[PDB]
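Here is the structure we will look at, set down as structure tokens.
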Amino acid sequence: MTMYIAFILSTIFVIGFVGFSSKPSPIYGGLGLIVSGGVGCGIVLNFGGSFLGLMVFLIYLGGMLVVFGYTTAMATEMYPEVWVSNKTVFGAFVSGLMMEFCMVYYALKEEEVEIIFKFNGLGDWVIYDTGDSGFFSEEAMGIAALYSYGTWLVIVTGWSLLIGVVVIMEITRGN
Amino acid sequence: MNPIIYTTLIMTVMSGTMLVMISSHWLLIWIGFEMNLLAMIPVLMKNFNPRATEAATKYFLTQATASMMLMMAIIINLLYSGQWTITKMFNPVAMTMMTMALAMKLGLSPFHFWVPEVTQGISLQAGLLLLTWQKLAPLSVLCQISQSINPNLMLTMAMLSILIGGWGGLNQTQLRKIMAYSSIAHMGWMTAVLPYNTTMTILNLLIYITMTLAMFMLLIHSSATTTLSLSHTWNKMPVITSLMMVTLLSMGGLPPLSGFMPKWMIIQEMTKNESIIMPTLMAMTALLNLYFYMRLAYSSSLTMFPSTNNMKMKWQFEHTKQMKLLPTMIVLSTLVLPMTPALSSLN
Amino acid sequence: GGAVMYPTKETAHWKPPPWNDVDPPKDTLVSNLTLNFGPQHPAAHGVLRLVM
Amino acid sequence: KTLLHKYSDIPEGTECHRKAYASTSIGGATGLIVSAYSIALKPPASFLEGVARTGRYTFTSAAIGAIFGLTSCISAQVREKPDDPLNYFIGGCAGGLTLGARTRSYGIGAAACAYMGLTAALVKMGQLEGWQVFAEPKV
Amino acid sequence: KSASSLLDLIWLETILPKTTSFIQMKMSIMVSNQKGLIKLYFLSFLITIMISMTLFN
Amino acid sequence: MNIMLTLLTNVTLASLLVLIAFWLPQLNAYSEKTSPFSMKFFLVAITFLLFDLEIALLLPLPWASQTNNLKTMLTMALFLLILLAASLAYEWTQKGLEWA
Amino acid sequence: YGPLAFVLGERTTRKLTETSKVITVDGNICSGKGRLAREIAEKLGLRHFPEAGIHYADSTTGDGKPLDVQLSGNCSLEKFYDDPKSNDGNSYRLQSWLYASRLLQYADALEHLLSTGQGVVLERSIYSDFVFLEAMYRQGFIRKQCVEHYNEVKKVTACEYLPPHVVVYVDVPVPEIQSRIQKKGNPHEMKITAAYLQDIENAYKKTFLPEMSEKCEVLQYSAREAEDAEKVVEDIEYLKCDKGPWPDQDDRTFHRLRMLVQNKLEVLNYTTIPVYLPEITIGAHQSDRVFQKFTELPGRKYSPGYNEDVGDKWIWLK
Amino acid sequence: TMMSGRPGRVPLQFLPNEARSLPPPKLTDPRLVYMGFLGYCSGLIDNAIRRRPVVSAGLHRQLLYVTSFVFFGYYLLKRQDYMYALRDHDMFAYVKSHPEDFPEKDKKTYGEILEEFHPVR
Amino acid sequence: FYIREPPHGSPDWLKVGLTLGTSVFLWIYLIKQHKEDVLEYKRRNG
Amino acid sequence: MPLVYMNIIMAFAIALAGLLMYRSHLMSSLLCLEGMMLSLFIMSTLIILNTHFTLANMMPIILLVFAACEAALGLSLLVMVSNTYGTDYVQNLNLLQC
């Protein structure tokens, strides 16, 4: 079973996406997003991306959606909408799981599934490379090259964040 | 909004478009689009109204979806080619997704529904920026990826945009909505020639930009957002409404006005590629645009609508602010037809 | 001068957009939360019902 | 595009049942698309109302396609001229008449007959002469 | 009765000018639905995306 | 598998305690006991987000110190930090840091 | 002034001092408000704007001399006094023109206050003009639709400007006001009915005074008390209206206001709202004739400084 | 598209050094005169908008308009001629380099050719 | 005549000078460029 | 393409569909926006790690930098909408038509 941990995680990722995509109250949506973020971190870690996946755990889960939650709390709704609360939400939730199951089964049964692209049912372990990175974390060096090579990216991103602060101030002015 | 902050936001919008038109790496092009959106949103809400907030929200949602689809297309092209360079796109599905995203950014139908609403919500100056400057970046991106573009999808979007722009304008008595529908139709005209010859798209974009700049500056000078408020202008500033009539006739494409040359050259290039039915339908469908232009002209200048007694007060005063480029924009929008062969410069 | 040309029956009832801004609704965004500070409160000395 | 290929592969003026079936399918697809767009832009009050609207539009379009193909192929057989655009014109006017009948209006029927028949004859002429509605960039 | 009225002022006008004007008016009413609900036309975006993926590969 | 084991064990232990604390003591026999303002100061939360972004951008610095172009690296790192300080100063001076 | 000036560091707040204080002296007809307003302006060193009339704009534009009624105003207060219920619609034309004149005066007043920092004493204002309209509507002089149009214009325009800090109401009883009108001897003024004056007072006290008291403090004085101008000046100097808009306003709002008031056309933009009331709608032929006549006026053909007729020179290089 | 990818094209260069081989646009070119006319019209429209005397006021401003329009139009015409000359040069070079794609055709006199007559009866 | 001084009033001799100077420089530069271009064309094309 | 790519592309498609089909709340749609961004991050990270594109391992980070900028903009708009209408409901964004 440990042979397809990545696939199990990807299925959980899709399930969380169906959860927050069916639009329950933003509380449960936040829960689905949090679960999906953790699971994406798991997949990234499995592929060797410890730092990148951990970034989602902190700057995405404990970041963008940590305020998403703080926001919903300020705009409190009368009732916590759940999947079963609206027949459509529950129906779409079930259909989404069913859709995943259909493609999953087809991919496994039909060695080569083709929804919009062509996918092979072989385990993800196949695609991995047999090279050695030596005394290095390739992800770490690539990310740290943002200061040595990606100076232009640094400039543009910093300017965007400053203008984002100014923009948020201006939008929340309200005159 | 503090004027220094306003200048910084406008420069950020222009810098985003410059990054879009300057970068050879897809990630940076998407970054430029993100900067354009981030800087644009507060600019749309310079004057705080519930309508301004609603327009900003609609525009943000639409542009955010477009950017997300664009980034997915970039990621797919990376997956199948491993190339970040803006060049031929090596996956047809990525090409279709990118085309939909860029069309949504341009307001091409059937992604047009947000253009009239956003234009009506925002002020005339924000509308000018939205309908002139914002079009530059997606059109640049499409021109760079023109070869990969599937001609059928682009042509269908262009024809639908022309049809819908012509249809919507007939029903509108709000000047901003009329301008938005005209913008939709002209965007369809520009994107029609994109698969065939990009220089024609650039020429049409320049002519359209001059005409819309002139029209919006005339509206700002007349401070009219409705047909009747513009009708009142003949009593105050008859020259303004006369020049508005001339610019409207140009926008309709009537010869010998400058508005004729983009349509003429587009028809030429399409015919050279054996496209005969499509140019014919586009030219005929432009008559709806021409019709509501003519109705606006009847309301404004050709016919004298009733004024109000309080206008005698405005007679004594004069316009304080002068828009320097308005006369040259009018001249270019109306009398540049004898100078088409200079269309080899942008070439 | 209508809100929209060729107005349908439903659209005919609809008024033209306002000249400058939309009229804001009556509040419905925020108010003053009313709290019984005491009397059981530790800081209320036990017998103070401070309605704030 | 498979439906269009099915309609094209059947030789003109032959196998009238199959041609009518393919035209019926094309009409059904177009009616479903129009129904989806109408449901989206103009919301139906109830799910049953949405189903009724979808069925109405799809049946109208399928009837139009079926009559067009049926009449056109029958006319091609009887006249024994397969390539004449007049067969397509007759089919188009018949489809327009069916549109009028479904709309229960004479003026709609006459206008639809005229315009749709002219468009159908134009489509046949384009097939014959190699007209390209969408031309590959050759410049 | 025929030339001045039934043809010139009625039927030729009904055929070319008036019917086309009426059709354009009806289409203008359809397009300018004057509803403007984000929920409504965003669904159309989904339908358009699906249809484009199907038709244009 | 070690990290997965640790996560599983901790979660199961905590949930087991929650069970023995929500249901096990709930058995004990008893009787019947009967039984927001729009925060505009949420701007602080939003500013945290844009500052957390710079936080993320700054994390690679320990490995960034290992490059050979230490001049460029230092210039860009101080550039980002000075831009963050400028953002803080702007929000401070424009009374945007109106906490509570 | 311009965005450039604000960037150059021009700040209205710094210029504004205690002297800055928009004082409106309001009252019924012939209440003596002008005397008290003039005295307050003299004693407190504040600019005194006489009450806006039909040709207020004519005074602020061109030569300054009043223009012909057809060219400016197209309304007569004497006509209103003699024929309040005329089918010409002169009543509502007069009221709307007066409201526009008071809007221009308030803009000019605010511009003076922001540009110099000197307070302004106004005799009535846009916030008090509704009293006459209400009186006319109660007496039946104007229709309901005229009132609705006036309300639309006021709602669109007055919101932009900041209300006065100090409201001074001189109260004189209606019968004594009738006695004063008789003593003054103006033949048209004598025709004013008692009910019209009473409705003016009712509108004032019932609506304008409470509504102003909500924003800031209102100094209400009787005729004898209003005569002691120095006491009124002292009371104003010892007012402390911490509540109100002016303390809330900062440099940004002042810049926006400074820009608005500088553009007089922008100030009067919505006074010409396209509502086709019979009273205020001018036909195309008459409008064209009157505009031509205004254009033929000396010094009005071209923008100020370019009219050669009134002695402008160096136009070719100006 | 088309000339954008020509080899040797320096990006963001208005007039390449090769263009100097071409004749300069004559200062009496009708196109340059039309550009000056456009500038003069712009001056007139500016005067009309600002409610100045249309044909007499701001002679310096009208002069600046005409000078700017002519100055920009000169370089505009020079670049236009350069681009058209480049097109012609590339076309002729390609025709020479691909003789088979552009074969010389046998010329015949009308007596040799047969063109059917359609009588107008 | 006007109560308030005309905004432009006396001619802006600074502005007039700047405009005339810019126009003259434009014309002179154009003439020199034209001469140079004529010389270069004759030189490069014999 | 391995099945993980299929799953993540499916997640993006699902999130896109959810965004394009609003129900009442704007926050749910903004949740779908953030979710789509997560899908894109995971897809980009997997591609870059598998291909050993060392110099592109920062692209996922910049994507998230701008993802949070977009989220912040969305919330900054949502608060204003709520203030003007009392709810985040989409049906209140109805003043602008056509």
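Naming works like this for the structure tokens: A, B, ... for the chains as they're shown, residue 1 at the start of each chain, ligands 1 onward in shown order.
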Test item: residues at most 7 Å from residue 95 in chain J, only C-alpha atoms, excluding those fewer than 2 positions along its chain, as a ChimeraX atom specification: /B:51 /J:93,97
Chain B contacts on chain H, only C-alpha atoms, 12 Å, as a PyMOL selection string: chain H and resi 1-6+11-15+30-52+54+61-62+65-66+68-69+73-87
Distance query residue 156 in chain B at most 10 Å, only C-alpha atoms, self and fewer than 4 positions along chain excluded, as a PyMOL selection string: (chain B and resi 109-110+151-152+160-162+188+191-192+278) or (chain D and resi 134)
Go ahead and write the residues just picked, C-alpha atoms, as a PDB file, in the first residue's frame.
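Done, and the output landed in selection.pdb:
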ATOM      1  CA  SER B 109     -17.253  37.868 -25.935  1.00  0.00           C
ATOM      2  CA  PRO B 110     -18.539  35.551 -24.558  1.00  0.00           C
ATOM      3  CA  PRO B 151      -7.618  30.541 -35.987  1.00  0.00           C
ATOM      4  CA  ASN B 152     -11.106  29.101 -35.505  1.00  0.00           C
ATOM      5  CA  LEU B 160     -19.191  37.189 -31.538  1.00  0.00           C
ATOM      6  CA  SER B 161     -17.556  40.285 -30.063  1.00  0.00           C
ATOM      7  CA  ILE B 162     -18.492  42.347 -33.115  1.00  0.00           C
ATOM      8  CA  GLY B 188     -13.328  41.913 -32.058  1.00  0.00           C
ATOM      9  CA  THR B 191      -8.516  40.148 -32.868  1.00  0.00           C
ATOM     10  CA  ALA B 192      -9.976  39.149 -36.237  1.00  0.00           C
ATOM     11  CA  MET B 278     -16.030  36.688 -42.618  1.00  0.00           C
TER      12      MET B 278
ATOM     13  CA  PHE D 134     -12.605  30.173 -41.568  1.00  0.00           C
TER      14      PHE D 134
END
Length of the CA of residue 30 in chain G to CA of residue 232 in chain G vector [Å]: 19.1 Å
Close residues, range 18-31 of chain D itself excluded, 9 Å, only C-alpha atoms, min 4 positions apart in chain, as a PyMOL selection string: chain D and resi 3-4+6-8+10-14+35-36+54-73
Write the residues you've just listed into a file as a compact mmCIF listing (two decimals), in the first residue's frame, and include N, CA and C atoms for each of them.
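Output saved as again_35.txt:
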# COMPACT_ATOMS: atom_id res chain seq x y z
N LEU D 3 -20.41 14.85 -35.55
CA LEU D 3 -21.75 14.95 -36.12
C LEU D 3 -21.70 15.59 -37.51
N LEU D 4 -20.91 16.65 -37.66
CA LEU D 4 -20.75 17.28 -38.96
C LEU D 4 -20.15 16.30 -39.96
N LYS D 6 -20.50 13.06 -39.86
CA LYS D 6 -21.56 12.11 -40.18
C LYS D 6 -22.49 12.67 -41.24
N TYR D 7 -22.87 13.94 -41.10
CA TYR D 7 -23.75 14.54 -42.11
C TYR D 7 -23.04 14.65 -43.46
N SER D 8 -21.75 14.98 -43.46
CA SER D 8 -21.04 15.17 -44.72
C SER D 8 -20.78 13.84 -45.43
N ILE D 10 -22.42 11.02 -45.61
CA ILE D 10 -23.56 10.54 -46.39
C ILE D 10 -23.61 11.30 -47.70
N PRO D 11 -23.56 10.62 -48.85
CA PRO D 11 -23.62 11.34 -50.13
C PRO D 11 -24.93 12.10 -50.25
N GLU D 12 -24.86 13.28 -50.86
CA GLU D 12 -26.05 14.10 -51.00
C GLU D 12 -27.06 13.40 -51.90
N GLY D 13 -28.32 13.41 -51.48
CA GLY D 13 -29.36 12.75 -52.25
C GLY D 13 -29.39 11.24 -52.13
N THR D 14 -28.78 10.68 -51.09
CA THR D 14 -28.80 9.24 -50.87
C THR D 14 -28.96 8.95 -49.39
N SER D 35 -30.01 25.92 -25.00
CA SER D 35 -30.73 25.71 -23.76
C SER D 35 -29.84 25.96 -22.56
N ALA D 36 -28.60 25.46 -22.61
CA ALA D 36 -27.67 25.67 -21.50
C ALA D 36 -27.39 27.15 -21.31
N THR D 54 -35.47 23.43 -21.75
CA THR D 54 -34.47 22.69 -22.50
C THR D 54 -35.12 21.78 -23.52
N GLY D 55 -36.17 21.06 -23.11
CA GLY D 55 -36.87 20.20 -24.05
C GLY D 55 -37.50 20.98 -25.18
N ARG D 56 -38.10 22.13 -24.86
CA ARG D 56 -38.71 22.94 -25.90
C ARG D 56 -37.68 23.38 -26.93
N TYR D 57 -36.57 23.96 -26.46
CA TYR D 57 -35.55 24.44 -27.39
C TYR D 57 -34.95 23.29 -28.19
N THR D 58 -34.62 22.18 -27.51
CA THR D 58 -33.98 21.07 -28.19
C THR D 58 -34.91 20.43 -29.21
N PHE D 59 -36.19 20.27 -28.86
CA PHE D 59 -37.13 19.70 -29.82
C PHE D 59 -37.35 20.63 -30.99
N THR D 60 -37.43 21.95 -30.75
CA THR D 60 -37.54 22.89 -31.86
C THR D 60 -36.37 22.73 -32.81
N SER D 61 -35.16 22.71 -32.27
CA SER D 61 -33.97 22.64 -33.11
C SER D 61 -33.87 21.29 -33.82
N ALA D 62 -34.19 20.20 -33.11
CA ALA D 62 -34.13 18.88 -33.71
C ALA D 62 -35.16 18.74 -34.82
N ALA D 63 -36.36 19.28 -34.61
CA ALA D 63 -37.37 19.27 -35.66
C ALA D 63 -36.90 20.06 -36.87
N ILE D 64 -36.28 21.22 -36.63
CA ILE D 64 -35.77 22.03 -37.73
C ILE D 64 -34.74 21.25 -38.53
N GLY D 65 -33.78 20.63 -37.84
CA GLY D 65 -32.76 19.87 -38.53
C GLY D 65 -33.33 18.68 -39.27
N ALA D 66 -34.25 17.95 -38.64
CA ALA D 66 -34.83 16.77 -39.26
C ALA D 66 -35.59 17.15 -40.52
N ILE D 67 -36.40 18.20 -40.45
CA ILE D 67 -37.15 18.62 -41.63
C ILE D 67 -36.20 19.09 -42.71
N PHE D 68 -35.17 19.86 -42.35
CA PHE D 68 -34.23 20.34 -43.36
C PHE D 68 -33.58 19.19 -44.10
N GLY D 69 -32.99 18.25 -43.35
CA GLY D 69 -32.32 17.13 -43.99
C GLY D 69 -33.28 16.27 -44.78
N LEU D 70 -34.44 15.96 -44.20
CA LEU D 70 -35.42 15.12 -44.85
C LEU D 70 -35.87 15.73 -46.17
N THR D 71 -36.30 17.00 -46.13
CA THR D 71 -36.77 17.67 -47.33
C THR D 71 -35.66 17.82 -48.36
N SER D 72 -34.46 18.19 -47.93
CA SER D 72 -33.37 18.41 -48.87
C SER D 72 -33.00 17.12 -49.59
N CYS D 73 -32.83 16.03 -48.84
CA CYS D 73 -32.46 14.77 -49.47
C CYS D 73 -33.58 14.25 -50.36
Chain A contacts on chain E, only C-alpha atoms, 12 Å, as a list in words: residues 50, 53, 54 and 57 of chain E
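Candidate residues G:202, G:244, G:317, G:135 were compared for distance to residue 14 in chain I, and the nearest is G:317, using only C-alpha atoms.
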Residue contacts of residue 109 in chain A (12 Å, only C-alpha atoms) excluding same-chain residues fewer than 6 positions away, as a ChimeraX atom specification: /A:101-103,120-122
Could you take the residues named above and write them with N, CA, C and O atoms, as a PDB file, in the first residue's frame?
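As written to disk, selection_0.pdb reads:
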ATOM      1  N   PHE A 101     -13.404   8.984  -8.574  1.00  0.00           N
ATOM      2  CA  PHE A 101     -13.389   7.498  -8.564  1.00  0.00           C
ATOM      3  C   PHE A 101     -13.412   6.979 -10.004  1.00  0.00           C
ATOM      4  O   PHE A 101     -12.651   6.045 -10.312  1.00  0.00           O
ATOM      5  N   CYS A 102     -14.253   7.574 -10.855  1.00  0.00           N
ATOM      6  CA  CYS A 102     -14.381   7.100 -12.259  1.00  0.00           C
ATOM      7  C   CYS A 102     -13.021   7.198 -12.954  1.00  0.00           C
ATOM      8  O   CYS A 102     -12.564   6.178 -13.502  1.00  0.00           O
ATOM      9  N   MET A 103     -12.397   8.376 -12.904  1.00  0.00           N
ATOM     10  CA  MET A 103     -11.085   8.575 -13.572  1.00  0.00           C
ATOM     11  C   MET A 103     -10.052   7.656 -12.915  1.00  0.00           C
ATOM     12  O   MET A 103      -9.272   7.027 -13.654  1.00  0.00           O
ATOM     13  N   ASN A 120      -0.671   7.536 -17.650  1.00  0.00           N
ATOM     14  CA  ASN A 120      -0.308   6.136 -17.490  1.00  0.00           C
ATOM     15  C   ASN A 120      -0.509   5.742 -16.035  1.00  0.00           C
ATOM     16  O   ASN A 120      -0.147   6.498 -15.128  1.00  0.00           O
ATOM     17  N   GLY A 121      -1.084   4.561 -15.817  1.00  0.00           N
ATOM     18  CA  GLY A 121      -1.419   4.112 -14.478  1.00  0.00           C
ATOM     19  C   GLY A 121      -0.244   3.632 -13.649  1.00  0.00           C
ATOM     20  O   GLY A 121      -0.435   3.323 -12.468  1.00  0.00           O
ATOM     21  N   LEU A 122       0.951   3.551 -14.231  1.00  0.00           N
ATOM     22  CA  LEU A 122       2.120   3.143 -13.465  1.00  0.00           C
ATOM     23  C   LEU A 122       2.351   4.087 -12.293  1.00  0.00           C
ATOM     24  O   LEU A 122       2.026   5.276 -12.356  1.00  0.00           O
TER      25      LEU A 122
END
Counting only C-alpha atoms, what are the residues of chain B within 9 Å of chain G, and for each of them which pair of atoms is the nearest and at what distance in Å, to one decimal? Sort the table by chain and rising number, as a Markdown table.
| residue | atom | partner | partner_atom | distance |
| --- | --- | --- | --- | --- |
| B:1 | CA | G:252 | CA | 7.1 |
| B:2 | CA | G:252 | CA | 6.5 |
| B:3 | CA | G:3 | CA | 6.0 |
| B:4 | CA | G:7 | CA | 6.6 |
| B:223 | CA | G:269 | CA | 7.5 |
| B:228 | CA | G:274 | CA | 6.1 |
| B:229 | CA | G:274 | CA | 6.3 |
| B:232 | CA | G:274 | CA | 7.9 |
| B:235 | CA | G:291 | CA | 6.8 |
| B:236 | CA | G:291 | CA | 8.1 |
| B:304 | CA | G:284 | CA | 5.9 |
| B:305 | CA | G:284 | CA | 6.1 |
| B:306 | CA | G:284 | CA | 4.9 |
| B:307 | CA | G:282 | CA | 5.4 |
| B:308 | CA | G:281 | CA | 4.8 |
| B:309 | CA | G:280 | CA | 5.5 |
| B:310 | CA | G:272 | CA | 5.9 |
| B:311 | CA | G:272 | CA | 6.2 |
| B:312 | CA | G:72 | CA | 5.7 |
| B:313 | CA | G:72 | CA | 6.7 |
| B:314 | CA | G:265 | CA | 6.3 |
| B:315 | CA | G:294 | CA | 7.9 |
| B:316 | CA | G:61 | CA | 6.3 |
| B:317 | CA | G:265 | CA | 6.9 |
| B:318 | CA | G:303 | CA | 6.6 |
| B:319 | CA | G:265 | CA | 7.0 |
| B:320 | CA | G:263 | CA | 6.2 |
| B:321 | CA | G:263 | CA | 8.2 |
All residues 12 Å or closer to residue 210 in chain G, only C-alpha atoms, same chain fewer than 4 positions away omitted, as a PyMOL selection string: chain G and resi 128+167+169+202-206+214-220
Output N, CA and C atoms for every residue in that selection, as a short mmCIF file (atom, residue, chain, number, x, y, z; two decimals), in the first residue's frame.
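New file result_35.cif:
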data_model
loop_
_atom_site.label_atom_id
_atom_site.label_comp_id
_atom_site.auth_asym_id
_atom_site.auth_seq_id
_atom_site.Cartn_x
_atom_site.Cartn_y
_atom_site.Cartn_z
N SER G 128 -30.18 76.42 3.98
CA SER G 128 -31.38 77.12 4.42
C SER G 128 -32.30 77.52 3.28
N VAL G 167 -24.07 78.56 13.04
CA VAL G 167 -25.33 79.00 12.46
C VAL G 167 -25.96 80.01 13.40
N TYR G 169 -29.18 82.35 13.92
CA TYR G 169 -30.56 82.58 13.49
C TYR G 169 -31.11 83.78 14.24
N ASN G 202 -41.88 78.37 10.09
CA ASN G 202 -42.12 76.97 10.44
C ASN G 202 -41.04 76.08 9.86
N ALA G 203 -40.74 76.24 8.57
CA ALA G 203 -39.68 75.46 7.96
C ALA G 203 -38.37 75.66 8.71
N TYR G 204 -37.99 76.92 8.93
CA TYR G 204 -36.77 77.23 9.67
C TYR G 204 -36.73 76.46 10.99
N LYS G 205 -37.63 76.80 11.91
CA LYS G 205 -37.54 76.30 13.27
C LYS G 205 -37.74 74.79 13.34
N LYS G 206 -38.66 74.25 12.54
CA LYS G 206 -38.98 72.83 12.63
C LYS G 206 -37.90 71.96 12.00
N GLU G 214 -27.88 69.42 15.17
CA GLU G 214 -27.25 68.10 15.20
C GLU G 214 -25.77 68.19 14.83
N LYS G 215 -25.45 68.94 13.78
CA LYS G 215 -24.07 69.01 13.31
C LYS G 215 -23.20 69.84 14.24
N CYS G 216 -23.64 71.05 14.57
CA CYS G 216 -22.90 71.94 15.45
C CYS G 216 -23.91 72.74 16.26
N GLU G 217 -23.46 73.80 16.91
CA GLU G 217 -24.33 74.60 17.74
C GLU G 217 -24.94 75.73 16.92
N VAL G 218 -26.17 76.08 17.26
CA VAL G 218 -26.90 77.15 16.58
C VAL G 218 -27.17 78.25 17.59
N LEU G 219 -26.75 79.46 17.26
CA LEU G 219 -26.97 80.62 18.13
C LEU G 219 -28.24 81.31 17.66
N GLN G 220 -29.31 81.17 18.43
CA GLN G 220 -30.60 81.77 18.11
C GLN G 220 -30.76 83.05 18.92
#
At most 9 Å to chain C: residues in chain E, only C-alpha atoms, as a ChimeraX atom specification: /E:25-26,28-29,32,34
Selection near residue 59 in chain J, 10 Å with only C-alpha atoms, sequence-local residues under 2 positions removed, as an MDAnalysis selection string: (chainID A and resid 142:143 146 153) or (chainID B and resid 27:28) or (chainID J and resid 41 44:45 48 55:57 61:65)
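For the choices E:9, E:43, E:16, E:49, the atom-to-atom distance to chain D is smallest for E:43 when using only C-alpha atoms.
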Selected residue of minimal separation from residue 9 in chain B among A:168, A:173, A:42, A:110, counting only C-alpha atoms: A:168
Residues of chain B within 10 Å of chain A: nearest atom pair and distance (Å, one decimal) for each, counting only C-alpha atoms, sorted by chain and number, as CSV?
residue,atom,partner,partner_atom,distance
B:1,CA,A:170,CA,7.0
B:2,CA,A:170,CA,9.4
B:5,CA,A:166,CA,7.9
B:6,CA,A:170,CA,9.8
B:8,CA,A:163,CA,8.3
B:9,CA,A:163,CA,7.5
B:12,CA,A:163,CA,7.8
B:15,CA,A:156,CA,9.9
B:16,CA,A:156,CA,9.5
B:19,CA,A:156,CA,9.5
B:27,CA,A:153,CA,9.6
B:28,CA,A:153,CA,8.0
B:31,CA,A:156,CA,8.2
B:32,CA,A:156,CA,8.9
B:34,CA,A:160,CA,8.7
B:35,CA,A:160,CA,6.4
B:36,CA,A:160,CA,9.9
B:38,CA,A:164,CA,6.7
B:39,CA,A:167,CA,6.7
B:40,CA,A:167,CA,9.0
B:41,CA,A:167,CA,7.9
B:42,CA,A:171,CA,5.6
B:43,CA,A:167,CA,9.0
B:44,CA,A:171,CA,9.8
B:45,CA,A:171,CA,7.3
B:46,CA,A:170,CA,8.5
B:47,CA,A:175,CA,8.2
B:48,CA,A:175,CA,6.1
B:49,CA,A:174,CA,8.7
B:50,CA,A:174,CA,9.9
B:53,CA,A:171,CA,8.9
B:56,CA,A:171,CA,9.7
B:91,CA,A:117,CA,9.9
B:93,CA,A:116,CA,7.9
Could you dump the residues just selected with C-alpha atoms as an mmCIF file, in the first residue's frame?
data_model
loop_
_atom_site.group_PDB
_atom_site.id
_atom_site.type_symbol
_atom_site.label_atom_id
_atom_site.label_comp_id
_atom_site.auth_asym_id
_atom_site.auth_seq_id
_atom_site.Cartn_x
_atom_site.Cartn_y
_atom_site.Cartn_z
ATOM 1 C CA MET B 1 -6.436 59.394 -2.662
ATOM 2 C CA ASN B 2 -3.208 61.335 -2.272
ATOM 3 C CA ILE B 5 -0.113 57.699 -4.334
ATOM 4 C CA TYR B 6 -2.271 58.083 -7.439
ATOM 5 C CA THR B 8 2.552 55.692 -8.016
ATOM 6 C CA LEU B 9 -0.458 53.477 -8.724
ATOM 7 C CA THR B 12 2.625 50.660 -11.351
ATOM 8 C CA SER B 15 5.054 49.227 -15.359
ATOM 9 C CA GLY B 16 2.992 46.054 -15.261
ATOM 10 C CA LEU B 19 6.792 44.110 -18.023
ATOM 11 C CA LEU B 27 6.361 33.832 -15.204
ATOM 12 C CA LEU B 28 7.280 37.495 -15.531
ATOM 13 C CA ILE B 31 3.621 38.788 -12.836
ATOM 14 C CA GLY B 32 3.069 41.867 -14.965
ATOM 15 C CA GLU B 34 -0.814 40.541 -11.514
ATOM 16 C CA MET B 35 0.772 43.953 -10.961
ATOM 17 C CA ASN B 36 -1.637 45.484 -13.461
ATOM 18 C CA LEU B 38 -3.214 45.063 -8.106
ATOM 19 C CA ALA B 39 -2.519 48.645 -9.136
ATOM 20 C CA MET B 40 -5.686 49.006 -11.228
ATOM 21 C CA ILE B 41 -8.221 48.024 -8.561
ATOM 22 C CA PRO B 42 -7.767 51.101 -6.297
ATOM 23 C CA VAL B 43 -7.583 53.353 -9.359
ATOM 24 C CA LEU B 44 -11.050 52.171 -10.357
ATOM 25 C CA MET B 45 -12.186 53.157 -6.846
ATOM 26 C CA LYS B 46 -10.604 56.621 -6.703
ATOM 27 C CA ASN B 47 -14.084 58.061 -6.170
ATOM 28 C CA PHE B 48 -15.727 55.871 -3.542
ATOM 29 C CA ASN B 49 -19.259 54.828 -4.498
ATOM 30 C CA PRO B 50 -21.104 51.540 -4.011
ATOM 31 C CA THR B 53 -16.839 48.996 -5.266
ATOM 32 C CA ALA B 56 -13.928 46.797 -8.762
ATOM 33 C CA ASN B 91 0.295 21.860 -26.209
ATOM 34 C CA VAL B 93 -5.001 22.351 -24.601
#
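The space between CA of residue 177 in chain B and CA of residue 145 in chain G spans 29.1 Å.
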